[PDB]
Amino acid sequence: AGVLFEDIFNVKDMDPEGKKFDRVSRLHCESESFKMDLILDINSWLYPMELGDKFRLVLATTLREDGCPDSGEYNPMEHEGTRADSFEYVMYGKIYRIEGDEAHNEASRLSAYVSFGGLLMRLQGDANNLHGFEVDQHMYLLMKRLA
Amino acid sequence: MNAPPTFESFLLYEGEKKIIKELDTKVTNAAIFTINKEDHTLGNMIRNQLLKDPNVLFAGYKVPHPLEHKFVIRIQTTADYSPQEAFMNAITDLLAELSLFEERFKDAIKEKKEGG
Amino acid sequence: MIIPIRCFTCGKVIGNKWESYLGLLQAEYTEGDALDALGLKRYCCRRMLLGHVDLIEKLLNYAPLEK
Amino acid sequence: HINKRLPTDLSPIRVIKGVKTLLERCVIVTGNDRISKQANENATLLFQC
Amino acid sequence: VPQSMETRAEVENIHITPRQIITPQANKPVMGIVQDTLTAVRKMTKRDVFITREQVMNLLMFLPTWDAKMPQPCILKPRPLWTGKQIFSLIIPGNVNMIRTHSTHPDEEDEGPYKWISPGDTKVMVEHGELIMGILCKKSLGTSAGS
Amino acid sequence: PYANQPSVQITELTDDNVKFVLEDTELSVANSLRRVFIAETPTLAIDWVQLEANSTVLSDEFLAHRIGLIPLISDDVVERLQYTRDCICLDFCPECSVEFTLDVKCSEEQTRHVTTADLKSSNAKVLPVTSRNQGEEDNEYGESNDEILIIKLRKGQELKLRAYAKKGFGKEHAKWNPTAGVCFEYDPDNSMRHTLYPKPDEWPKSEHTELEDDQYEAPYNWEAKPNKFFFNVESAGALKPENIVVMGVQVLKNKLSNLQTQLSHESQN
Ligand SMILES: [Zn+2]
Ligand SMILES: [Zn+2]
């Protein structure tokens, strides 16, 4: 309910052009079930990762497990008792553009660009695996490192 | 020539109230407290004591101008707990902490002097 | 003209540490050993003694107005 | 909140009518004389383009 | 000092400082963000700047046009953190949309695949009055046209 | 939502300097303690100077400025004296101020060094700090001029003055500052990354460090909060440093209680 995307990702390249920011790492990732491509900027100091790690990633539209939308303003009460308890890294952002077919191209591929407060995600792949994504829609990143 | 007197930084004038409480109208259960003739000392202690309370949601101080000895705190709490009661609780907890520190420091001075 | 009572940045009393500084300088010491012997460990107080010039000894050479 | 991947409800003839009405209402030199009209298009030629 | 109310109204309606922002000389602003304000704008809007709840709640006291609704953090777990762009987004009012480039933007990045996801965070983009991408500089907050 | 439990451990105590550690308290409390030690801790300093003979080589206000910076022993006195604004007196009551006198006339051919030993006091408990120095008869240091030099005089010059010393704190004027530098330091190993070293190997280690020689920074701990503070309070001679700390905590408690009283007074509206 409200889960737009859910997949297990392998990190295959970390900062390919060099580490440009001290507290931010860039991860290039490929999935296992749906053949996606991910570029994700994460907090390096707060949640460090190495190359070759596996992690579960869930892109949701709300933290409420019944699918109802959130209030939209922060309170330091409701971050436990929800779907964020099963994940070690929770982020919040919105889609600012969706590339791909646009109007005059085929819909074989699709790219979605999300800005988590300045940190950046590009998630690209098949267009049928990116249903429910639209511009200026707020969304939640859920991320847990696997063993 | 235009140098202000040096005692205006800590002395109230005639008919100057120390605390001016102003109710906030943008959100609910929020207040803006204006304390005259004080500085970052009391504001820093009161804010960092307020942030230990889970029943507060917003707490922040500001000195609007260095040349004006005055500072404000905005306090926004939950809907069971007044901001003024939160400011009471923060002041009382700071007083208890300072009294405990005073008696522990006196005991440490006594044992350091008697121990040689 | 004369040595200040207190260090500017620091507030440590240096008004009693000028004649002793001159005596330690004229005995055999260097300036660093004299400042270490006076107890001025911070350089904020050491600049108050290294840079100070005593202009009151030149002012005392003039005859006073009233006898 | 314009969605650029969803079909729209704007007919092109209404676009032409709105553009023509906008350019008729965006005047600089007023009047209905030949000199006034010619000075109006000479003032607003780059804006109309 | 004007000595009449008609001259006072002329000072209010013509001579006042926010009416004199744009030069008629070169259709550019005459006043820009200068000195350490500009330096700390560049140092705040970097990607690695993560700001805790306490510092955000101090910094929001100095914004009198704030609507007293706290934005939701960029990172929700394990520690709630805001970014520098997320609090600069509160400063920008209304519907302001802008795309410019930072002074160290490489020339070959625009023709590459990372045009809309900058590795160096040099493509400044503001959508709907909130800062989404880029590090601000003199090109974004100076006297230049289109800033 | 309750108070902390501050634990204090004193590492060093002497006649002019105390070094101690605060454990389990917030950083605002420690910084405010430093501020109230520097600024709002009261002491006695000379504030009312009247000159009757000033035939020396320095001006009136220069001598008043030099006399006003002299620290006075005010450990047992400052808690009982009131401010001038808080007395019913007008002509400087003994429970309001302390009278000092000076009268030095130079009649010798050599230079006369007018120091703080010539500053007599009407109160037997308020003295300049050189009462601690005149009792050292084991002077192997070689010099007996351990007193604060007010002025030098040649033959024919005189200095006669009457002064009143009042109670005040360093927020009003820096001559009422009881301390001479409060060293305040938290997290010496940079385990919290509150400051960023471009080259951590270029920085000397602090005296309160816990790292060995080949390490330069502690590993980053994002869960850490500042709860250990190293204080070094050095006195200027006006007050004992333990009295500086005790009176600073008392002034902070009085300020917070006054704020509480004013809040409860305005609450009935
Ligand atoms: Zn010093
Ligand atoms: Zn009195």
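What you see is numbering from 1 along each chain in written sequence order, possibly unlike the entry, with residues lacking coordinates removed. Here the convention is simple: chains get letters from A, ligands get numbers from 1, in the order in which they are written. Note that the displayed chains come from a larger assembly and that each value is computed for the displayed part only. Hydrogens and waters are ignored; side-chain quantities use all the structure's heavy atoms. Residues with missing side-chain atoms are left out of burial classes, side-chain pairs and their counts.

For this deposited structure, the header cites cryo-EM as the method used and 3.37 Å as the resolution.

Draft legend 1. Representation of the coordination of the zinc ion (ligand 2). Residue and element names in this part refer to chain F. For Na, K and Ca the donor cut-off is 3.2 Å; for every other metal, N, O and S atoms count as donors within 2.8 Å. Water does not enter the count, which can leave sites looking incomplete. At this site the zinc ion (ligand 2) is bound by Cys87 (SG), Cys89 (SG), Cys93 (SG) and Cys96 (SG), with donor distances of 2.3 Å. Just to be clear on the cut-offs, tetrahedral is four donors with all angles between 85 and 135 degrees, square planar is four donors and octahedral six with opposite donors over 155 degrees apart and all others between 65 and 115, and anything else goes down as irregular. Given 4 donor atoms and angles of 94 to 125 degrees at the metal, the environment of the zinc ion (ligand 2) is assigned as tetrahedral. Within one chain, the residues donating to the zinc ion (ligand 2) are spaced in sequence as C-x1-C-x3-C-x2-C. Taking the relative accessible area as the measure of exposure, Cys93 reaches 19% and is therefore buried. Only protein chains enter the accessibility calculation, which uses a 1.4 Å probe; a residue is then buried when its area is under 20% of its type maximum, exposed when over 50%, and partly exposed in between.

Draft legend 2. How the structure looks around the packing of aromatic side chains. All names here are of chain C. Centres within 6.5 Å make a pair out of two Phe, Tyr or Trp rings, where for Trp the six-membered ring is used; the pair is then stacked when the planes are under 30 degrees apart, edge-to-face when over 60, and tilted otherwise. Under the definition given, this model contains 24 aromatic pairs over all chains. Seen in terms of ring centroids, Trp18 and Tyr21 are 6.0 Å apart; in terms of plane orientation they differ by 50 degrees. Their pairing is tilted. In this structure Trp18 comes out as buried when scored by relative accessible area, which is 6%. What makes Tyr21 buried here is its relative accessible area of 4%.

Draft legend 3. Structural view of the interface of chain E and chain A. Taken together, the contact pairs 35 residues of chain E with 38 residues of chain A. The buried area of a pairing is the accessible area, by a 1.4 Å probe, that goes missing from both parts when the two are put together, added over both. Of the roughly 3,200 Å² buried between chain E and chain A, counting both surfaces, carbon and sulfur atoms make up 63%. Definition used for salt bridges: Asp or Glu carboxyl oxygen within 4 Å of a side-chain nitrogen of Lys or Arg. Scanning the region where chain E abuts chain A turns up 3 salt bridges. One salt bridge connects A:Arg23 with E:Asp48, and the closest N-O pair in it is separated by 4.0 Å. Here a polar contact is taken to be a pair of N or O atoms separated by no more than 3.5 Å, where protein atoms must pair a possible hydrogen donor with a possible acceptor and residues adjacent in sequence count only if both atoms sit in side chains. Between the two partners, chain E and chain A, sit 14 residue pairs in polar contact. Only runs of H or I of at least four residues qualify as helices and only runs of E of at least two qualify as strands under DSSP, and these elements are numbered from the N terminus. Among the secondary structure elements, those contributing two or more residues to the side of chain E that touches chain A are β2 (75–77), β3 (82–83), β5 (123–127) and β6 (130–133) of chain E. A per-class count over the side of chain E that touches chain A returns 21 nonpolar, 4 polar and 10 charged. By definition in these notes, contact holds between two residues if any of their heavy atoms fall within 4.5 Å. By the convention adopted, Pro, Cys, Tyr, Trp, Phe, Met, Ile, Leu, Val and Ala count as nonpolar, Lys, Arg, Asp and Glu as charged, and the other residues, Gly among them, as polar.

Draft legend 4. The arrangement of the coordination of the zinc ion (ligand 1) in detail. Residues and elements named next belong to chain C. Looking at the zinc ion (ligand 1), the protein donor atoms are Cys7 (SG), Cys10 (SG), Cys44 (SG) and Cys45 (SG), and they sit 2.3 Å from it. Here the zinc ion (ligand 1) binds 4 donor atoms, and the angle range of 103 to 122 degrees at the metal identifies the geometry as tetrahedral. All donor residues of the zinc ion (ligand 1) come from one chain, and their arrangement in sequence is C-x2-C-x33-C-C. Of the two residues, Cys10 is situated in the segment before α1 (19–27) and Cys44 in helix α3 (residues 43–50); the sequence distance between them amounts to 34 residues. A residue is classified by how much of its surface remains accessible, and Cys10, at 9% relative accessible area, is buried.

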